[PDB]
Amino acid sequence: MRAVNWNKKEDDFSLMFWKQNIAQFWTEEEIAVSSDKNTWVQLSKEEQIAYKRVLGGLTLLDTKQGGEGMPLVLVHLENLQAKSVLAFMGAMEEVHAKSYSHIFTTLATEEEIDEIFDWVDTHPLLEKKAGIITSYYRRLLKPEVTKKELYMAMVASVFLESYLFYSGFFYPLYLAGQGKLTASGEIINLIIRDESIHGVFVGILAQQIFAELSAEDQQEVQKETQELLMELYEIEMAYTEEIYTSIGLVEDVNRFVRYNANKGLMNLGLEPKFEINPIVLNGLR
């Protein structure tokens, strides 16, 4: 039975990602958010509701990535150095999820917070979206998996990391780009910095597996990947309509979703399928 041996590289990238993950390490106690109250109270009721809802959705996605996506993809890897990186990335998803609770503590009463999480749990689009992704992860709950199954779990993971978060990240970035909720915006920026390298890394692992598949299997997963992309897109467009119609931002968020869907495809070595908002860009500064 093999032990991980870092003195003999298993690939040309795991060590750099290991070091970068650790270089980026942070926790919610580093960013105090109480000063956001002064701009929080300036938001309309509809704006506050949208913000809380998107952060609830982000919390759900990080919960599933740390508790299902990273663990189940990493248990089936043969590359022990890449497994190490994924384990750390999974822990960081739990840091991310806990940081949303830190934001909530400042922006909402205890009763308001539990209402957010009840809304998350009973929400049909969030259930459908998370169910589609986790179906690929739960396919790995068996002793022997195929490379097509592992590849598609990695595709699902890249799509979560590089694409499904972004209908939610839009709004904290959009507000922070205007000087509103900038401390929470700093947290979201730290989260994004992590998700960006998560998506690149899992996409490298996916491309390595893809190269080992037969031509027939390659065709099959290419079709599944394109179909998954567009299945998620239809759900995202329903989600942005539900969240953002009240505040007039639906088409802006949709443009942002498509930009990030293209980045997810590129992380997998695939061509873009869709043809950044300048305020969001200022929030990423």
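Note that residue numbering follows the sequence shown and begins at 1.
**Student:** Using what the record says, work out whether there is a hole in the model between residue 12 and residue 13 and how many deposited residues it spans (none, 1 to 3, 4 to 9, 10 or more).
**Tutor:** Missing in between: none.
**Student:** Per the PDB record, is the mean Cα temperature factor higher over 103-111 or over 200-208?
**Tutor:** In the deposited entry, the stretch with the higher C-alpha B-factor mean is 103-111.
**Student:** If you average the CA temperature factors as listed in the entry, which stretch comes out higher, 163-171 or 124-132?
**Tutor:** For C-alpha atoms only, the mean B-factor is higher in 124-132.
**Student:** Among 32, 58, 253, 221, where is the Cα B factor highest in this entry?
**Tutor:** Comparing C-alpha B-factors across 32, 58, 253, 221, the maximum falls on 32.
**Student:** Can you work out whether the C-alpha temperature factor of residue 23 puts it in the lowest, middle or highest third of the chain?
**Tutor:** Highest third, going by the recorded CA B-factors of the chain.
**Student:** Determine, from the deposited record, the chain-internal third of the Cα B-factor for residue 192: lowest, middle or highest.
**Tutor:** CA B-factor rank for residue 192: lowest third.
**Student:** Which third of the chain does residue 214 land in by C-alpha B-factor: lowest, middle or highest?
**Tutor:** It belongs to the middle third of the chain when residues are ordered by C-alpha B-factor.
**Student:** Could you look up the Cα B-factor of residue 260 in the entry and say which third of the chain it sits in: lowest, middle or highest?
**Tutor:** It belongs to the lowest third of the chain when residues are ordered by C-alpha B-factor.
**Student:** Quick one: classify residue 85 as lowest, middle or highest third of the chain based on its Cα B-factor.
**Tutor:** Lowest third of the chain for residue 85's C-alpha B-factor.
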